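What follows is protein08.cif (mmCIF, C-alpha atoms).
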```
data_query
loop_
_atom_site.group_PDB
_atom_site.id
_atom_site.type_symbol
_atom_site.label_atom_id
_atom_site.label_comp_id
_atom_site.auth_asym_id
_atom_site.auth_seq_id
_atom_site.Cartn_x
_atom_site.Cartn_y
_atom_site.Cartn_z
ATOM 1 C CA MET A 1 -19.558 46.763 11.454
ATOM 2 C CA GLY A 2 -16.078 45.200 10.846
ATOM 3 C CA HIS A 3 -16.516 41.660 9.315
ATOM 4 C CA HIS A 4 -18.671 39.770 6.721
ATOM 5 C CA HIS A 5 -19.560 36.099 5.874
ATOM 6 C CA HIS A 6 -23.046 36.282 4.195
ATOM 7 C CA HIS A 7 -21.834 35.460 0.595
ATOM 8 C CA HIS A 8 -18.456 33.623 1.157
ATOM 9 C CA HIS A 9 -16.637 31.090 3.433
ATOM 10 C CA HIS A 10 -13.204 29.342 3.929
ATOM 11 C CA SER A 11 -11.641 25.782 4.091
ATOM 12 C CA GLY A 12 -14.406 24.590 1.665
ATOM 13 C CA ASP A 13 -15.444 27.698 -0.417
ATOM 14 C CA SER A 14 -11.893 29.089 -1.161
ATOM 15 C CA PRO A 15 -10.075 26.522 -3.483
ATOM 16 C CA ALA A 16 -7.035 27.402 -5.685
ATOM 17 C CA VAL A 17 -6.780 24.359 -8.076
ATOM 18 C CA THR A 18 -8.704 23.345 -11.261
ATOM 19 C CA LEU A 19 -6.283 20.825 -12.980
ATOM 20 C CA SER A 20 -4.397 21.301 -16.327
ATOM 21 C CA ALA A 21 -3.480 19.174 -19.385
ATOM 22 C CA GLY A 22 -0.401 16.883 -18.861
ATOM 23 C CA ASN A 23 0.794 13.513 -17.450
ATOM 24 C CA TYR A 24 -1.006 12.523 -14.195
ATOM 25 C CA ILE A 25 -1.827 9.684 -11.732
ATOM 26 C CA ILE A 26 -5.227 8.725 -10.234
ATOM 27 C CA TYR A 27 -5.309 7.040 -6.784
ATOM 28 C CA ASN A 28 -8.073 6.355 -4.232
ATOM 29 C CA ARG A 29 -8.143 8.755 -1.210
ATOM 30 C CA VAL A 30 -8.436 5.819 1.311
ATOM 31 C CA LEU A 31 -4.823 4.782 0.293
ATOM 32 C CA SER A 32 -3.370 1.205 0.372
ATOM 33 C CA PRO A 33 -3.415 -1.034 3.529
ATOM 34 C CA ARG A 34 0.405 -1.190 2.819
ATOM 35 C CA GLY A 35 0.499 2.533 3.847
ATOM 36 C CA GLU A 36 1.134 3.979 0.306
ATOM 37 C CA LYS A 37 -0.733 5.562 -2.699
ATOM 38 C CA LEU A 38 -3.333 3.202 -4.307
ATOM 39 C CA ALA A 39 -3.093 3.948 -8.051
ATOM 40 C CA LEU A 40 -5.240 2.916 -11.042
ATOM 41 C CA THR A 41 -3.248 0.267 -13.005
ATOM 42 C CA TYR A 42 -3.582 -0.529 -16.750
ATOM 43 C CA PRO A 43 -4.321 -4.234 -17.711
ATOM 44 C CA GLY A 44 -1.868 -4.216 -20.716
ATOM 45 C CA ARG A 45 -4.658 -5.156 -23.260
ATOM 46 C CA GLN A 46 -7.805 -3.716 -24.947
ATOM 47 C CA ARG A 47 -11.591 -4.351 -24.230
ATOM 48 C CA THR A 48 -10.597 -5.407 -20.656
ATOM 49 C CA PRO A 49 -11.322 -4.303 -16.987
ATOM 50 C CA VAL A 50 -8.937 -1.975 -15.050
ATOM 51 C CA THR A 51 -7.405 -2.726 -11.565
ATOM 52 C CA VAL A 52 -5.782 -0.924 -8.530
ATOM 53 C CA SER A 53 -2.275 -1.435 -7.002
ATOM 54 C CA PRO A 54 0.246 0.260 -4.618
ATOM 55 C CA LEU A 55 2.121 3.008 -6.547
ATOM 56 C CA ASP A 56 5.790 2.337 -7.514
ATOM 57 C CA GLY A 57 6.148 4.694 -10.562
ATOM 58 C CA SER A 58 5.768 2.207 -13.494
ATOM 59 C CA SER A 59 4.149 3.072 -16.873
ATOM 60 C CA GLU A 60 1.207 0.782 -15.847
ATOM 61 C CA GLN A 61 0.324 3.300 -13.045
ATOM 62 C CA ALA A 62 0.904 6.563 -15.035
ATOM 63 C CA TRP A 63 -1.725 8.276 -17.206
ATOM 64 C CA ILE A 64 -2.437 11.179 -19.618
ATOM 65 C CA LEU A 65 -5.033 13.868 -18.817
ATOM 66 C CA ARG A 66 -6.465 16.640 -21.102
ATOM 67 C CA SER A 67 -9.468 19.009 -20.721
ATOM 68 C CA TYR A 68 -12.575 18.290 -22.883
ATOM 69 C CA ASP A 69 -15.195 20.672 -21.339
ATOM 70 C CA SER A 70 -14.652 22.912 -18.272
ATOM 71 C CA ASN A 71 -18.453 23.420 -18.740
ATOM 72 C CA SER A 72 -18.910 19.783 -17.443
ATOM 73 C CA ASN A 73 -15.485 19.386 -15.658
ATOM 74 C CA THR A 74 -14.861 16.508 -18.188
ATOM 75 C CA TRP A 75 -11.354 15.277 -19.164
ATOM 76 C CA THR A 76 -9.994 12.592 -21.569
ATOM 77 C CA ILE A 77 -8.007 9.645 -20.083
ATOM 78 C CA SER A 78 -5.238 7.551 -21.773
ATOM 79 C CA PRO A 79 -2.311 5.371 -20.434
ATOM 80 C CA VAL A 80 1.298 6.719 -20.905
ATOM 81 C CA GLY A 81 2.293 3.302 -22.394
ATOM 82 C CA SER A 82 -0.498 3.327 -25.080
ATOM 83 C CA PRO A 83 -1.555 6.959 -25.953
ATOM 84 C CA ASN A 84 -3.311 5.392 -29.020
ATOM 85 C CA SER A 85 -6.141 4.082 -26.662
ATOM 86 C CA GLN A 86 -8.548 5.328 -23.913
ATOM 87 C CA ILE A 87 -10.450 4.442 -20.665
ATOM 88 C CA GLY A 88 -14.292 4.370 -20.402
ATOM 89 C CA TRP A 89 -17.114 2.184 -18.941
ATOM 90 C CA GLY A 90 -19.486 -0.636 -20.002
ATOM 91 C CA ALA A 91 -21.437 -3.732 -18.846
ATOM 92 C CA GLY A 92 -20.498 -5.070 -15.351
ATOM 93 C CA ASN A 93 -19.950 -1.478 -13.974
ATOM 94 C CA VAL A 94 -16.125 -1.637 -14.193
ATOM 95 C CA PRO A 95 -13.910 0.845 -16.127
ATOM 96 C CA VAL A 96 -12.539 -0.762 -19.348
ATOM 97 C CA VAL A 97 -9.875 -0.090 -22.018
ATOM 98 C CA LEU A 98 -11.354 1.232 -25.317
ATOM 99 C CA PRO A 99 -10.260 2.509 -28.812
ATOM 100 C CA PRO A 100 -9.457 6.250 -29.389
ATOM 101 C CA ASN A 101 -12.759 8.162 -29.831
ATOM 102 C CA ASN A 102 -14.177 10.735 -27.309
ATOM 103 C CA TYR A 103 -14.202 8.970 -23.864
ATOM 104 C CA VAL A 104 -14.081 11.275 -20.775
ATOM 105 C CA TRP A 105 -14.539 11.478 -16.975
ATOM 106 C CA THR A 106 -15.799 14.397 -14.845
ATOM 107 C CA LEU A 107 -13.061 15.339 -12.312
ATOM 108 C CA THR A 108 -14.172 17.663 -9.449
ATOM 109 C CA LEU A 109 -12.281 19.014 -6.382
ATOM 110 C CA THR A 110 -13.667 18.571 -2.778
ATOM 111 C CA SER A 111 -12.921 19.843 0.811
ATOM 112 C CA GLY A 112 -9.867 17.463 1.045
ATOM 113 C CA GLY A 113 -9.612 15.468 -2.257
ATOM 114 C CA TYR A 114 -11.359 14.866 -5.636
ATOM 115 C CA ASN A 115 -14.431 13.086 -7.118
ATOM 116 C CA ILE A 116 -14.685 11.058 -10.413
ATOM 117 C CA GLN A 117 -17.920 10.571 -12.472
ATOM 118 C CA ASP A 118 -19.023 9.290 -15.943
ATOM 119 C CA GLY A 119 -19.928 12.769 -17.392
ATOM 120 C CA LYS A 120 -23.766 12.649 -16.825
ATOM 121 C CA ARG A 121 -23.219 12.279 -13.001
ATOM 122 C CA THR A 122 -25.387 9.078 -12.845
ATOM 123 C CA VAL A 123 -22.479 7.094 -11.253
ATOM 124 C CA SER A 124 -19.033 7.445 -9.563
ATOM 125 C CA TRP A 125 -15.781 5.418 -9.199
ATOM 126 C CA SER A 126 -15.474 3.339 -5.972
ATOM 127 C CA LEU A 127 -13.759 0.311 -4.310
ATOM 128 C CA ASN A 128 -15.246 -2.818 -2.662
ATOM 129 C CA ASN A 129 -12.742 -3.134 0.265
ATOM 130 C CA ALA A 130 -9.936 -0.659 -0.844
ATOM 131 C CA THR A 131 -7.264 -3.466 -0.593
ATOM 132 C CA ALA A 132 -4.134 -3.734 -2.802
ATOM 133 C CA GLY A 133 -4.601 -5.656 -6.123
ATOM 134 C CA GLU A 134 -8.438 -5.182 -6.104
ATOM 135 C CA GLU A 135 -10.682 -4.369 -9.113
ATOM 136 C CA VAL A 136 -12.113 -0.796 -9.106
ATOM 137 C CA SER A 137 -15.919 -0.503 -9.547
ATOM 138 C CA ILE A 138 -18.633 1.996 -10.634
ATOM 139 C CA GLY A 139 -22.109 2.865 -9.221
ATOM 140 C CA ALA A 140 -23.954 5.226 -6.836
ATOM 141 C CA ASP A 141 -21.614 7.343 -4.596
ATOM 142 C CA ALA A 142 -19.825 5.080 -2.038
ATOM 143 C CA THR A 143 -19.625 5.654 1.784
ATOM 144 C CA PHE A 144 -15.793 5.150 2.206
ATOM 145 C CA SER A 145 -14.144 4.875 -1.285
ATOM 146 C CA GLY A 146 -16.286 7.500 -3.191
ATOM 147 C CA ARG A 147 -13.310 9.994 -3.188
ATOM 148 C CA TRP A 148 -10.034 10.102 -5.141
ATOM 149 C CA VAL A 149 -6.982 12.272 -5.937
ATOM 150 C CA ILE A 150 -5.525 13.335 -9.308
ATOM 151 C CA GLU A 151 -1.923 14.578 -9.150
ATOM 152 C CA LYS A 152 1.005 14.976 -11.628
ATOM 153 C CA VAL A 153 3.571 12.258 -12.539
#
```
C-alpha cells encoding of this file:
Amino acid sequence: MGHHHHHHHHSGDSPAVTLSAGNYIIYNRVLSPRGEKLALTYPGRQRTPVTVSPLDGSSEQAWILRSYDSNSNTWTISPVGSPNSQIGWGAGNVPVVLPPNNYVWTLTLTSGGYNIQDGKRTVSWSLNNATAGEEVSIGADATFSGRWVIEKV
C-alpha cells in the first residue's frame, strides 16, 4: 500500500471555482478569428435577438451575474447598461432581451471552460461558424461551439 485513486481523480475531478455575484463577461471558448475574446453583445433594444463581437471593453459587451439556485447552477443575466432588463430565450432559438421578471441560465464548469443551458438542460448556447459579428444560437449541444467562459469585468 502507498497510493489511492478508487474514489477521486485530478485535472477533471479537482476544480476550485463555482462563480460569485458581480459584473461579468460571457465569451465563446473557440475565440474570434481576429485572435481575441468573442463576447456576447447587447442589441441596445428590448424584445430583440442578441449577437457576438470581438471584446473591446464597452458597456455593450459587459454584463451582470447573480446566483438564483446553486441547486440547479442557475444565475440571472442583465446588461450593465440596462440593469432594469434581462436576457432569456423564445421562438427562433436565439437569446432575446426581455423585461425584469425571473429569467436565468445554468452555468457549469468543465475540464477547460464552461457550459451554458436554459435551466431544464433541454438546450445549450452555440455558434453557427464562430465568426466575428455573428448571431448566437440555441439547440442541442454543439460539436465545436458548445463551450463558453464566464469571467469578471
Q: Please evaluate the PyMOL selection byres ((chain A and resi 63) around 6) against the displayed coordinates and give the resulting residues as an MDAnalysis selection string.
A: chainID A and resid 23:25 62 64 78:80
Q: Grab the atom CA of residue 147 of chain A to atom CA of residue 113 of chain A distance for me, in Å with one decimal place.
A: 6.7 Å
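Distance-wise, atom CA of residue 92 of chain A and atom CA of residue 75 of chain A end up 22.6 Å apart.
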Q. Which of these, A:153, A:2, A:72, A:108, has the shortest distance to residue 19 of chain A once you count all atoms listed in the file?
A. A:108
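You can rank A:98, A:89, A:71, A:107 by their closest distance to residue 138 of chain A using all atoms listed in the file, and at the top of that list sits A:89.
Coordinates place atom CA of residue 66 of chain A at a distance of 24.6 Å from atom CA of residue 135 of chain A.
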Q. Of the candidates A:105, A:42, A:68, A:27, which shows the shortest atom-to-atom distance to residue 148 of chain A, using all atoms listed in the file?
A. A:27
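Distance check against residue 70 of chain A using only C-alpha atoms: of A:40, A:1, A:136, A:21, the minimum falls on A:21.
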Here's a test: counting only C-alpha atoms, identify every protein, DNA and RNA residue with an atom at most 12 Å from (-3.5, 1.6, 1.4) in the file's coordinate frame, and state them as a PDB file with C-alpha atoms, in the frame of the given file.
```pdb
ATOM      1  CA  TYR A  27      -5.309   7.040  -6.784  1.00  0.00           C
ATOM      2  CA  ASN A  28      -8.073   6.355  -4.232  1.00  0.00           C
ATOM      3  CA  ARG A  29      -8.143   8.755  -1.210  1.00  0.00           C
ATOM      4  CA  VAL A  30      -8.436   5.819   1.311  1.00  0.00           C
ATOM      5  CA  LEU A  31      -4.823   4.782   0.293  1.00  0.00           C
ATOM      6  CA  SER A  32      -3.370   1.205   0.372  1.00  0.00           C
ATOM      7  CA  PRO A  33      -3.415  -1.034   3.529  1.00  0.00           C
ATOM      8  CA  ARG A  34       0.405  -1.190   2.819  1.00  0.00           C
ATOM      9  CA  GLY A  35       0.499   2.533   3.847  1.00  0.00           C
ATOM     10  CA  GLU A  36       1.134   3.979   0.306  1.00  0.00           C
ATOM     11  CA  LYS A  37      -0.733   5.562  -2.699  1.00  0.00           C
ATOM     12  CA  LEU A  38      -3.333   3.202  -4.307  1.00  0.00           C
ATOM     13  CA  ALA A  39      -3.093   3.948  -8.051  1.00  0.00           C
ATOM     14  CA  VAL A  52      -5.782  -0.924  -8.530  1.00  0.00           C
ATOM     15  CA  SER A  53      -2.275  -1.435  -7.002  1.00  0.00           C
ATOM     16  CA  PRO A  54       0.246   0.260  -4.618  1.00  0.00           C
ATOM     17  CA  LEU A  55       2.121   3.008  -6.547  1.00  0.00           C
ATOM     18  CA  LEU A 127     -13.759   0.311  -4.310  1.00  0.00           C
ATOM     19  CA  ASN A 129     -12.742  -3.134   0.265  1.00  0.00           C
ATOM     20  CA  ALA A 130      -9.936  -0.659  -0.844  1.00  0.00           C
ATOM     21  CA  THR A 131      -7.264  -3.466  -0.593  1.00  0.00           C
ATOM     22  CA  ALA A 132      -4.134  -3.734  -2.802  1.00  0.00           C
ATOM     23  CA  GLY A 133      -4.601  -5.656  -6.123  1.00  0.00           C
ATOM     24  CA  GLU A 134      -8.438  -5.182  -6.104  1.00  0.00           C
ATOM     25  CA  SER A 145     -14.144   4.875  -1.285  1.00  0.00           C
TER      26      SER A 145
END
```
Q: Excluding residue 102 of chain A and residues on its chain fewer than 4 positions from it, collect all residues at most 10 Å away from it, counting all atoms listed in the file, and give them as a PyMOL selection string.
A: chain A and resi 68+75-77+86-88
Contacts of residue 50 of chain A at 6 Å or less, counting only C-alpha atoms, minus same-chain residues fewer than 5 places along, as a compact mmCIF listing (two decimals) with C-alpha atoms, in the coordinates of the input?
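Once everything was written out, this is result-v7.txt:
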```txt
# COMPACT_ATOMS: atom_id res chain seq x y z
CA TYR A 42 -3.58 -0.53 -16.75
CA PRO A 43 -4.32 -4.23 -17.71
CA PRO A 95 -13.91 0.84 -16.13
CA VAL A 96 -12.54 -0.76 -19.35
```
(Q) the PyMOL selection byres ((chain A and resi 141) around 10) - which residues does that actually catch in the file I just gave you? List them as a count of residues only. (A) 18
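Between residue 99 of chain A and the candidates A:74, A:45, A:114, A:15, the tightest atom-to-atom separation, counting all atoms listed in the file, involves A:45.
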Q) Of the residues A:104, A:120, A:11, A:83, which is the one nearest to residue 67 of chain A, using all atoms listed in the file? A) A:104
Enclose all atoms of segment 9-28 of chain A listed in the file in an axis-aligned box, grow every side by 4 Å, and hand back centre and edge lengths in Å to one decimal, as lines of an AutoDock Vina configuration file.
```
center_x = -7.9
center_y = 18.7
center_z = -7.6
size_x = 25.4
size_y = 32.7
size_z = 31.5
```
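Those residues that approach residue 16 of chain A to within 12 Å, counting all atoms listed in the file, are residues 10, 11, 12, 109, 110 and 111 of chain A; same-chain residues fewer than 4 positions away are not listed.
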How would segment 29-142 of chain A look written as a PDB file, in the first residue's frame with C-alpha atoms?
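Output file out-v1.pdb follows:
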```
ATOM      1  CA  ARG A  29     -14.367  29.292 -25.901  1.00  0.00           C
ATOM      2  CA  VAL A  30     -13.488  28.996 -29.669  1.00  0.00           C
ATOM      3  CA  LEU A  31     -12.491  32.759 -29.578  1.00  0.00           C
ATOM      4  CA  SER A  32     -12.657  35.234 -32.538  1.00  0.00           C
ATOM      5  CA  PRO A  33     -10.944  34.584 -35.946  1.00  0.00           C
ATOM      6  CA  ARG A  34      -9.332  38.040 -35.192  1.00  0.00           C
ATOM      7  CA  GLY A  35      -7.388  36.243 -32.378  1.00  0.00           C
ATOM      8  CA  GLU A  36      -9.289  37.844 -29.402  1.00  0.00           C
ATOM      9  CA  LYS A  37     -12.183  37.135 -26.922  1.00  0.00           C
ATOM     10  CA  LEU A  38     -15.606  36.672 -28.649  1.00  0.00           C
ATOM     11  CA  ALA A  39     -18.098  38.312 -26.255  1.00  0.00           C
ATOM     12  CA  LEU A  40     -21.919  38.353 -26.119  1.00  0.00           C
ATOM     13  CA  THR A  41     -23.055  41.855 -27.254  1.00  0.00           C
ATOM     14  CA  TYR A  42     -26.336  43.613 -26.298  1.00  0.00           C
ATOM     15  CA  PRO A  43     -28.594  44.854 -29.223  1.00  0.00           C
ATOM     16  CA  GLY A  44     -29.464  48.205 -27.474  1.00  0.00           C
ATOM     17  CA  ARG A  45     -33.289  47.488 -27.557  1.00  0.00           C
ATOM     18  CA  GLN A  46     -35.958  45.195 -25.994  1.00  0.00           C
ATOM     19  CA  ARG A  47     -37.780  42.060 -27.442  1.00  0.00           C
ATOM     20  CA  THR A  48     -34.800  41.607 -29.847  1.00  0.00           C
ATOM     21  CA  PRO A  49     -32.095  38.918 -30.656  1.00  0.00           C
ATOM     22  CA  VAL A  50     -28.554  39.067 -29.139  1.00  0.00           C
ATOM     23  CA  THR A  51     -25.240  38.973 -31.156  1.00  0.00           C
ATOM     24  CA  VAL A  52     -21.460  38.201 -30.714  1.00  0.00           C
ATOM     25  CA  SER A  53     -18.428  40.507 -31.335  1.00  0.00           C
ATOM     26  CA  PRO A  54     -14.657  40.798 -30.557  1.00  0.00           C
ATOM     27  CA  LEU A  55     -14.229  42.163 -26.988  1.00  0.00           C
ATOM     28  CA  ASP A  56     -13.052  45.810 -26.589  1.00  0.00           C
ATOM     29  CA  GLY A  57     -14.467  46.619 -23.081  1.00  0.00           C
ATOM     30  CA  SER A  58     -17.658  48.600 -23.985  1.00  0.00           C
ATOM     31  CA  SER A  59     -20.907  48.532 -21.929  1.00  0.00           C
ATOM     32  CA  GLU A  60     -22.500  46.553 -24.844  1.00  0.00           C
ATOM     33  CA  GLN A  61     -20.127  43.605 -24.041  1.00  0.00           C
ATOM     34  CA  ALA A  62     -20.338  43.764 -20.185  1.00  0.00           C
ATOM     35  CA  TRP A  63     -22.997  42.008 -18.084  1.00  0.00           C
ATOM     36  CA  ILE A  64     -24.381  41.458 -14.544  1.00  0.00           C
ATOM     37  CA  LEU A  65     -24.467  37.992 -12.935  1.00  0.00           C
ATOM     38  CA  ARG A  66     -26.208  36.854  -9.674  1.00  0.00           C
ATOM     39  CA  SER A  67     -26.943  33.375  -8.216  1.00  0.00           C
ATOM     40  CA  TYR A  68     -30.592  32.145  -8.326  1.00  0.00           C
ATOM     41  CA  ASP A  69     -30.217  28.431  -7.328  1.00  0.00           C
ATOM     42  CA  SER A  70     -26.904  26.612  -6.677  1.00  0.00           C
ATOM     43  CA  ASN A  71     -29.297  23.581  -6.584  1.00  0.00           C
ATOM     44  CA  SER A  72     -29.653  23.982 -10.435  1.00  0.00           C
ATOM     45  CA  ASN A  73     -26.440  26.061 -11.085  1.00  0.00           C
ATOM     46  CA  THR A  74     -28.862  28.811 -12.367  1.00  0.00           C
ATOM     47  CA  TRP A  75     -27.952  32.542 -12.481  1.00  0.00           C
ATOM     48  CA  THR A  76     -29.798  35.753 -13.541  1.00  0.00           C
ATOM     49  CA  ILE A  77     -28.399  37.772 -16.509  1.00  0.00           C
ATOM     50  CA  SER A  78     -28.714  41.564 -17.165  1.00  0.00           C
ATOM     51  CA  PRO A  79     -26.656  44.118 -19.252  1.00  0.00           C
ATOM     52  CA  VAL A  80     -24.536  46.730 -17.317  1.00  0.00           C
ATOM     53  CA  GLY A  81     -26.113  49.499 -19.490  1.00  0.00           C
ATOM     54  CA  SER A  82     -29.758  48.486 -18.662  1.00  0.00           C
ATOM     55  CA  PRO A  83     -29.952  46.675 -15.233  1.00  0.00           C
ATOM     56  CA  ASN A  84     -33.765  47.266 -15.475  1.00  0.00           C
ATOM     57  CA  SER A  85     -33.989  44.396 -18.120  1.00  0.00           C
ATOM     58  CA  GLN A  86     -32.911  40.725 -18.636  1.00  0.00           C
ATOM     59  CA  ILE A  87     -31.795  38.030 -21.175  1.00  0.00           C
ATOM     60  CA  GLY A  88     -33.828  34.848 -21.930  1.00  0.00           C
ATOM     61  CA  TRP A  89     -34.990  32.726 -24.935  1.00  0.00           C
ATOM     62  CA  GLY A  90     -38.003  32.368 -27.281  1.00  0.00           C
ATOM     63  CA  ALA A  91     -39.165  31.429 -30.816  1.00  0.00           C
ATOM     64  CA  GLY A  92     -36.361  31.075 -33.441  1.00  0.00           C
ATOM     65  CA  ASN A  93     -33.929  29.531 -30.833  1.00  0.00           C
ATOM     66  CA  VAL A  94     -31.940  32.767 -30.303  1.00  0.00           C
ATOM     67  CA  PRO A  95     -31.400  34.507 -26.914  1.00  0.00           C
ATOM     68  CA  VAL A  96     -33.541  37.698 -26.654  1.00  0.00           C
ATOM     69  CA  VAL A  97     -33.842  40.819 -24.452  1.00  0.00           C
ATOM     70  CA  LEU A  98     -36.813  40.655 -22.010  1.00  0.00           C
ATOM     71  CA  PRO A  99     -38.465  42.667 -19.136  1.00  0.00           C
ATOM     72  CA  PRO A 100     -37.330  42.174 -15.469  1.00  0.00           C
ATOM     73  CA  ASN A 101     -39.000  39.004 -14.082  1.00  0.00           C
ATOM     74  CA  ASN A 102     -37.132  35.735 -13.182  1.00  0.00           C
ATOM     75  CA  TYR A 103     -35.047  34.790 -16.303  1.00  0.00           C
ATOM     76  CA  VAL A 104     -31.939  32.596 -15.668  1.00  0.00           C
ATOM     77  CA  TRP A 105     -29.248  30.399 -17.288  1.00  0.00           C
ATOM     78  CA  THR A 106     -27.484  27.307 -15.882  1.00  0.00           C
ATOM     79  CA  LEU A 107     -23.698  27.986 -15.801  1.00  0.00           C
ATOM     80  CA  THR A 108     -21.466  24.900 -15.229  1.00  0.00           C
ATOM     81  CA  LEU A 109     -17.640  24.498 -15.157  1.00  0.00           C
ATOM     82  CA  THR A 110     -15.825  21.888 -17.394  1.00  0.00           C
ATOM     83  CA  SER A 111     -12.284  20.354 -17.798  1.00  0.00           C
ATOM     84  CA  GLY A 112     -11.054  23.595 -19.539  1.00  0.00           C
ATOM     85  CA  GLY A 113     -14.015  26.073 -19.750  1.00  0.00           C
ATOM     86  CA  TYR A 114     -17.774  26.453 -19.000  1.00  0.00           C
ATOM     87  CA  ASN A 115     -21.201  25.335 -20.346  1.00  0.00           C
ATOM     88  CA  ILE A 116     -24.459  27.412 -20.665  1.00  0.00           C
ATOM     89  CA  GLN A 117     -28.034  25.945 -20.637  1.00  0.00           C
ATOM     90  CA  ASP A 118     -31.694  27.140 -20.346  1.00  0.00           C
ATOM     91  CA  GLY A 119     -32.285  25.775 -16.767  1.00  0.00           C
ATOM     92  CA  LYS A 120     -34.099  22.473 -17.702  1.00  0.00           C
ATOM     93  CA  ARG A 121     -30.982  21.287 -19.687  1.00  0.00           C
ATOM     94  CA  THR A 122     -33.062  20.675 -22.890  1.00  0.00           C
ATOM     95  CA  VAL A 123     -30.765  23.023 -24.923  1.00  0.00           C
ATOM     96  CA  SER A 124     -27.389  24.882 -24.871  1.00  0.00           C
ATOM     97  CA  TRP A 125     -25.841  28.090 -26.332  1.00  0.00           C
ATOM     98  CA  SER A 126     -23.825  27.629 -29.579  1.00  0.00           C
ATOM     99  CA  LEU A 127     -22.472  29.379 -32.739  1.00  0.00           C
ATOM    100  CA  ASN A 128     -23.002  28.598 -36.458  1.00  0.00           C
ATOM    101  CA  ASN A 129     -19.425  29.380 -37.694  1.00  0.00           C
ATOM    102  CA  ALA A 130     -17.919  31.218 -34.599  1.00  0.00           C
ATOM    103  CA  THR A 131     -17.023  34.304 -36.779  1.00  0.00           C
ATOM    104  CA  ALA A 132     -16.982  37.940 -35.542  1.00  0.00           C
ATOM    105  CA  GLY A 133     -20.352  39.817 -35.788  1.00  0.00           C
ATOM    106  CA  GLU A 134     -22.406  36.546 -35.952  1.00  0.00           C
ATOM    107  CA  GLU A 135     -25.749  35.824 -34.202  1.00  0.00           C
ATOM    108  CA  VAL A 136     -25.505  33.329 -31.283  1.00  0.00           C
ATOM    109  CA  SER A 137     -27.946  30.363 -31.391  1.00  0.00           C
ATOM    110  CA  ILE A 138     -29.594  27.745 -29.108  1.00  0.00           C
ATOM    111  CA  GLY A 139     -30.261  23.972 -29.506  1.00  0.00           C
ATOM    112  CA  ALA A 140     -28.806  20.502 -28.793  1.00  0.00           C
ATOM    113  CA  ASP A 141     -25.123  20.554 -27.606  1.00  0.00           C
ATOM    114  CA  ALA A 142     -22.817  21.663 -30.491  1.00  0.00           C
TER     115      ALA A 142
END
```
